[PDB]
**Q** 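The following block contains the structure, expressed as structure tokens.
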Amino acid sequence: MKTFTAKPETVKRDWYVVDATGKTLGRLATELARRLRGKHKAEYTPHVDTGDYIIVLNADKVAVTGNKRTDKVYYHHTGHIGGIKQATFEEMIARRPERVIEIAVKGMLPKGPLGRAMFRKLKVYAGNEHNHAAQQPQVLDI
Amino acid sequence: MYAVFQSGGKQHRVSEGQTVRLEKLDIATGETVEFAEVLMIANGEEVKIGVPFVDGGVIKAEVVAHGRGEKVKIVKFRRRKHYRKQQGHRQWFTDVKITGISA
Amino acid sequence: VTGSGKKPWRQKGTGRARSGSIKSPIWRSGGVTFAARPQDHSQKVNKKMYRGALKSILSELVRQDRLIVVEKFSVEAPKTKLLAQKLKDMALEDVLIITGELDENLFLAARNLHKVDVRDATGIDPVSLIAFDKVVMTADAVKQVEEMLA
Amino acid sequence: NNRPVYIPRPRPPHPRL
Amino acid sequence: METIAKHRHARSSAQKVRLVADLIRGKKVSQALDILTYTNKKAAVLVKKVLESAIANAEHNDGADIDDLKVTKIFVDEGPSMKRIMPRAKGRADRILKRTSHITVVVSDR
Amino acid sequence: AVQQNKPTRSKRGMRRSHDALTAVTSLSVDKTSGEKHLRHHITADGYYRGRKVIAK
Amino acid sequence: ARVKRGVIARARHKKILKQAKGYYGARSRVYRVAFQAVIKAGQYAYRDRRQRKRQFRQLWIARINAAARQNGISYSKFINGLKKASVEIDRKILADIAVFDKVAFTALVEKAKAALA
RNA sequence: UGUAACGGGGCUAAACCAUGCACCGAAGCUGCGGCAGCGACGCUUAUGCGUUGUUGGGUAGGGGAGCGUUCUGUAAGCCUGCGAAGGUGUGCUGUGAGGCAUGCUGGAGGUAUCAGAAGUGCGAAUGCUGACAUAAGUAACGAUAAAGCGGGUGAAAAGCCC
RNA sequence: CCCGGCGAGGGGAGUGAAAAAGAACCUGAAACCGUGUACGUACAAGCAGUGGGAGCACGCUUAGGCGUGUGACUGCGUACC
């Protein structure tokens, strides 16, 4: 018969906490994208957001191997005559340590309205504390 | 309480007392048909196929209708090459209702 | 087509399609690319082929019993009423009367009868034999047929 | 509906040789 | 009741009159009348005359009590256009369309 | 200076969305004669703030 | 024998426009544009009659892979175990079982693990 | 012009070398259902095949077989004012061009089957004629000699009369 | 007869088998322009479709779907000659 399709209304989404201390940026980010997309669930549907809410703590403690800590450069254009701005990994960490983790996940997710929707589930914090204790955020070891 | 069986080259998962549409069969509309090629039978207890097609599992089914499927329009068009072609297709199907599933 | 050969407008400079005359076939009110002319549609048929078809037609009428041979067929007076009565008792409504000799009395009687035709053996055509449901031939009319058919 | 009559030269006399 | 009333072949363009029509759509006749009275458009007096006629038709040919009447439907449709020739520079000619319209107003007590 | 493609009726309506007129919806009633008139304007018969000002 | 083509031409145009119903703008109103839209829809329909089969195949594999991993085995290992165990269930049924009957899938992965070991 | 010499994220193995076992992956191959061409044989003998093997991407182009439109005969026959043609929807039907039945408008013509003849099929030709869009309620309203007020007429007056 | 400027145009009445046969008059298609109803649309990028597809609004037997309309989201996809 017709293949099962998850209905967005009747989807259960869980809350998890991931400690991002001493974790490789890319390998941690790759796992987060998988959970946010919902590919880990047997009811995964490409056109439905079946993912789960993920809280990431200690963003500033993320680790990178090699010289990426100083050689990795993030470029962004401001849409002006010469508005090309670059920041290294240290500069990003000092300014906004959470943004680097968000940038990594941003590029590991599909582009489109559904991709933006599942990205909004991620909640990255620089410190070790979060204000989402009312969501029963069970600890996820990964 | 459902079983999996192979009928027309594609497997079907049918529960008791439900109608399933499958490829045309050389059976009149008012005769029972047998499906001894049962891939899997599921119940409160689970039984699998150590050898394919279980050991004695059979499915009793009754033919209902021998209609044709919805018309499908096939269009072949080559851009700028002065070649256009049209065609139609209606696939034959057989509606069968599962009457009994053995063990 | 009535008109003049003057070019509607100059070849170049105008922003619209090149035109040569107001009478071009792709123009309104004047044209017809291949105009018809009075022609003869008559086609040749060999004498033997005409005779063979006529012989073939006569044989099959006999086979389908659509041909009835009788003695002299005549009407005493030029009255359509008499002819209608004579054909009524014979259960014939659409008949082609073929007689060896054409008499004005029979010709006038059947003139106003659409379903009835009166003809001579010489003036016999395949279409009339096929079209008419029944054909009645007199003894004299029969004889002239073989002579002309040979 | 009706063709114009003046039909001036719309092209500009400026050859790009 | 239907009690339709229309004015056909108005000289005003359908677009221009259609702005005035949207103002009074669905409103009561009492509020519609003074809204048009103080609207500074030519279409205002064209529509107002049609609305007056519709109210009169309802009062005379149909039931009375025009106080509780509303303009249930009002629409403007493009009418026949008159083609005119207007000379332009360099001997060219262009077509001027004098656009007309039909104004239809429907009022009912329910 | 001239369009390359004719705009649709959708774009035409979208541009015209701002052309809608607005009703005055601010008709005041004269103190004495009780005649509807535009605010800060004399009545049709020639009244303003109650007292007659036109006398014609 | 002059022949007028008004009736036939109008019939053909109506047939195309009927097939172009629901398209946006002139694609559903104008015949010249509607004919192109209808033809293109025909090409896409023919092409997507084949992409549908592979698109659903990918969806079933993703569902099986998620279910198998949840049971503690990779998709590639799980399928290999079934082949070794002589199980002819295809992806469509496997994905259907995983979504609905978790116990049946648990038995399948257990059977696959035994065959591999 | 802007990272801009992995497609990107990102990777210290998610790079490279050697070996191995898995899996994904096309309209390829196989399975199931259906259609058509060609060559054989068992038999029907102007046709089905209990069958058999194989073929079926296609421009220029060659070959074969068909649909539909107007008119002629069949036809003073047949359908039709308890409703023809045309128009507009819907539902069936054929591998196709198409066909059939019917709701509403329409108001008096239409035509089976089988043959015959073509002004026999349009999306393009800066095609021709008409109708209607677009730009757009945009530019402009034709000498920068100039108007203001009172009264009159009128449904209405900056433009008419005083 | 009524609205209107002793207008235009219209609503009644009447004539007629029929007045969406009213002289702008048989039939009255398409482009084009409107009013009403259902659904969608103001954080989302491209030949505007196609495959999958939730929700909503209408009807049908059954109480599960089937049909009709719309169509969020998603894979693929750069008109014709």
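Basis for what follows: all heavy atoms, side chains included, without hydrogens, waters or symmetry-related copies. Chain identifiers are assigned alphabetically (A, B, ...) following the order of the sequence lines, protein sequences preceding nucleic acid strands; residue numbering begins at 1 within each chain.
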**Q** Are both defining distances between H/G77 and H/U88 under 3.5 Å, such that they form a Watson-Crick or G-U wobble pair?
**A** no

**Q** Please classify I/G71 as syn or anti, treating any glycosidic angle within 90° of 0 as syn.
**A** anti

**Q** Taking atom types as modelled, find out whether B/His89 and B/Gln87 have a side-chain donor-acceptor pair closer than 3.5 angstrom.
**A** no

**Q** Given a cut-off of 3.5 Å on both distances, is I/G55 paired to I/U70 by Watson-Crick or G-U wobble rules?
**A** yes

**Q** Considering only atom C1', compute the distance from H/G50 to H/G91 and round it to an integer number of Å.
**A** 41 Å

**Q** Contact class for G/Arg32 vs. all strands (heavy atom < 4.0 Å): base, sugar-phosphate, or nothing?
**A** base

**Q** So H/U52 and H/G123, Watson-Crick or G-U wobble pair with both distances under 3.5 Å, or not?
**A** no

**Q** Going by the glycosidic torsion and a 90 degree boundary from 0, is the base of I/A63 oriented syn or anti?
**A** syn

**Q** For H/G159, decide between syn and anti, treating a glycosidic angle within 90° of 0 as syn.
**A** syn

**Q** Starting from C1' on H/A4, measure out to CD on A/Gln86 and report it in whole angstrom.
**A** 14 Å

**Q** If you walk 5' to 3' along RNA chain I, what is the first nucleotide with an atom under 4.0 Å of a heavy atom in chain B, and what is the last?
**A** I/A79 to I/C81

**Q** Does the H/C43 / H/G62 combination count as a Watson-Crick or G-U wobble pair, both distances under 3.5 Å?
**A** no

**Q** With nearest nucleotides of RNA chain I determined for A/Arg120 and G/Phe56 from heavy-atom distances, which residue corresponds to the more 5′ nucleotide?
**A** A/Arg120

**Q** Under a 3.5 Å cutoff, is there a donor and acceptor pairing between the side chains of C/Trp27 and C/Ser19?
**A** no

**Q** Could you state the interatomic distance from CG (G/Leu17) to CZ (G/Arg27), rounded to the nearest 0.5 Å?
**A** 13.0 Å

**Q** Quick one: label G/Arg52 by what it contacts on the DNA or RNA (base, sugar-phosphate, nothing), any heavy atom closer than 4.0 Å.
**A** sugar-phosphate

**Q** From the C1'-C2'-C3'-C4' angle alone, say whether I/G28 leans north (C3'-endo side) or south (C2'-endo side).
**A** south

**Q** Looking at RNA chain I, which of residues 104-117 of chain A put a heavy atom within less than 4.0 Å of it?
**A** A/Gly112, A/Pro113, A/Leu114, A/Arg116

**Q** Output the rounded distance in Å from NZ (B/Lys24) to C1' (H/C35).
**A** 13 Å

**Q** Could you tell me the separation between the CZ atom of D/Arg3 and the P atom of H/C128, rounded to a whole number of Å?
**A** 10 Å

**Q** Please work out which residues in residues 1-13 of chain F have a non-hydrogen atom less than 4.0 Å from an atom of RNA chain H and list them by number.
**A** F/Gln3, F/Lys6, F/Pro7, F/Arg12

**Q** In whole angstrom, what separates E/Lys83's NZ from H/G130's P?
**A** 10 Å

**Q** Remember a base hit wins even if backbone is also touched, and classify A/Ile81 as base, sugar-phosphate or nothing at under 4.0 Å, heavy atoms.
**A** sugar-phosphate

**Q** Test if H/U70 is paired with H/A117, treating Watson-Crick and G-U wobble as valid and requiring both distances under 3.5 Å.
**A** yes

**Q** Decide yes or no, distance alone: a donor-acceptor N/O pair under 3.5 angstrom between the base of H/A13 and the side-chain of A/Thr65.
**A** no

**Q** Using side-chain hydrogen bond (donor to acceptor under 3.5 Å, both in side chains), reason through G/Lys92 and A/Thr3 one step at a time and then give a plain yes or no.
**A** CA-CA 8 Å; G/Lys92 183 187 176 189; A/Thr3 288; over 6 Å; no

**Q** Can H/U144 and H/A145, neighbours in the strand, be said to stack by the measure of ring centres under 5.5 Å and ring planes under 30 degrees?
**A** no

